[PDB]
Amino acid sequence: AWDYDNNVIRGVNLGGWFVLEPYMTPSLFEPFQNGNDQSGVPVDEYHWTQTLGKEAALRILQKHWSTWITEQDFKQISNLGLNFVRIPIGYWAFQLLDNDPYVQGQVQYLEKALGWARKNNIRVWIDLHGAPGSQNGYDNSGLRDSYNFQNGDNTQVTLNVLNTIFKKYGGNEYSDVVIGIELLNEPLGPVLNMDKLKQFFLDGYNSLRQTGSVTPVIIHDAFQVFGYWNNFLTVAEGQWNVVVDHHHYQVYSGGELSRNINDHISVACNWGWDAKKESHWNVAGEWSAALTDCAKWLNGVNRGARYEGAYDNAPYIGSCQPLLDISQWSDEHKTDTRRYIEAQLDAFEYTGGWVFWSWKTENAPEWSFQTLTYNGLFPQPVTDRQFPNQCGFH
C-alpha cells in the first residue's frame, strides 16, 4: 500500500479528537472557570471525565466525536492534495485500569474513519498517544504531570493494548489503508530508563510480526539525538519495515523562541540536512507554523507563555495578545509565517515527508491547517512557493 523510498507523505494529524487537548478545544474546559480564577479547570481528559462522571462525560464526548472530524473532513483533505492522516488514540479506548474514570466509544469512530480514508484514497498511521500511568507527563497523554509508564505493570498493560491494535488493524482487513502503527507517542527519554524503552520497542516489533502483519512499525525518536536509533531494528538483523518519527518545533524553550526569522529558517533547513544522513526511513510526524508558544493553554491549563517570560523561567521576548487572532497579525508576522512554512516543507520532503499538527483547532491559528490555508499562509497547492529555494538542497 506504500513506498517510503519513492513516495512522499503529505499529511495532517487528526488531533484533539480521541484524546482531548485543552488548547485545541477550550470550549470543553472554559465552562469550569469562575471569573478569572483558572484553578477549578480540570487539566486533562483523566480529570475532565472524573469531574463529570461516566454518564455526562459520554453524552458530551458522543457530541464531540460525531462532529469534530467527519467524512466531509476526509473529502476536504483529499481535495487539498493531501494523501495521509495520523490518528492519535489513548489506551483507554481499548482497556481500562481498575479505577480509571475514562469512557469508551472511540473505536466505533476509528473504524468509520478507516472507511472514510479508503473511500478518499487516504493512507493512515494509527498512533498510541497515551499509555497507562503516562509516558511523558503531558496533558496530550491523558494524564498530566505523572511519569509512571515504567512503574508496576504499566508496560505490560501497554503491550497488551498494542497486541489488540496489531490484530484488529494490522492484518488483511485494513492493509489497503493502514501504512503504519506507532507503538507510543513522545516517550520522554530524558526521564525514562532507555534500556527498558528499547526492550519495549523490540517486544512490540516482534509481537506485530508474530501475528502475520506486514505493516510498518513506527517508532517515535524519544527526543534522542539524530542517529541515536541507527543500530536499532535494522535490516542487518532481520528487522524490516521500520520508520522513525521525528517531531520538529521551535517554541518550547527561551533560546529557540529568541531566534530571528532567518535563524528559525536555518534551523528548519538543517533538520532536513541531518535527517538525510540517518540510516532509517523517517517522517516528520508533527510540526507546525508556530513561531511562539502563545496559544491559550498550549503549555497546559493555568500556565502562561515562555514568549512573554511567564513560564519555565524563560525571559521576556514578546507580548502574546496581538498574536492570538490572525485577523490582527502584522504584515511582517504573516510574511515570516509563510517563509517558515515553505522552508519546513522543503526540508521534510527531502526525506519521507510531513504531517502537520493539526488539521483544525477552535481558535489557535498557528496550529490549524484549515485556518492557515484559508488565510493564504499555507501553500495551496502544497507545492506552490512564494519563497522558492531558501535551503538549497543537493
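We number the residues from 1 along the sequence you see.
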- Going by the average Cα B-factor in the PDB entry, point out whether 337-345 or 323-331 comes out higher. 323-331
- Task: Take the C-alpha B-factors listed in the entry for 12-20 and for 382-390, compute each mean, and give the stretch with the larger one.
- Result: 382-390
- Message: Highest recorded C-alpha temperature factor, please, choosing from 205, 84, 91, 311.
- Response: 311
- Task: Would you mind finding, among 285, 133, 315, 170, the residue with the largest C-alpha temperature factor in the entry?
- Result: 315
- Task: Among all modelled residues of this chain, ranked by Cα B factor, put residue 366 in the bottom, middle or top third, i.e. lowest, middle or highest.
- Result: lowest
- Chain third (lowest, middle, highest) by recorded CA B-factor, residue given as residue 100: highest
- Task: Comparing against every modelled residue in the chain, figure out the third that the C-alpha B-factor of residue 234 lands in (lowest, middle or highest).
- Result: highest
- Task: Report the third (lowest, middle or highest) to which the CA temperature factor of residue 226 belongs, ranking only the modelled residues of the same chain.
- Result: highest
- Mind checking which third residue 125 falls in for C-alpha B-factor across the chain? lowest
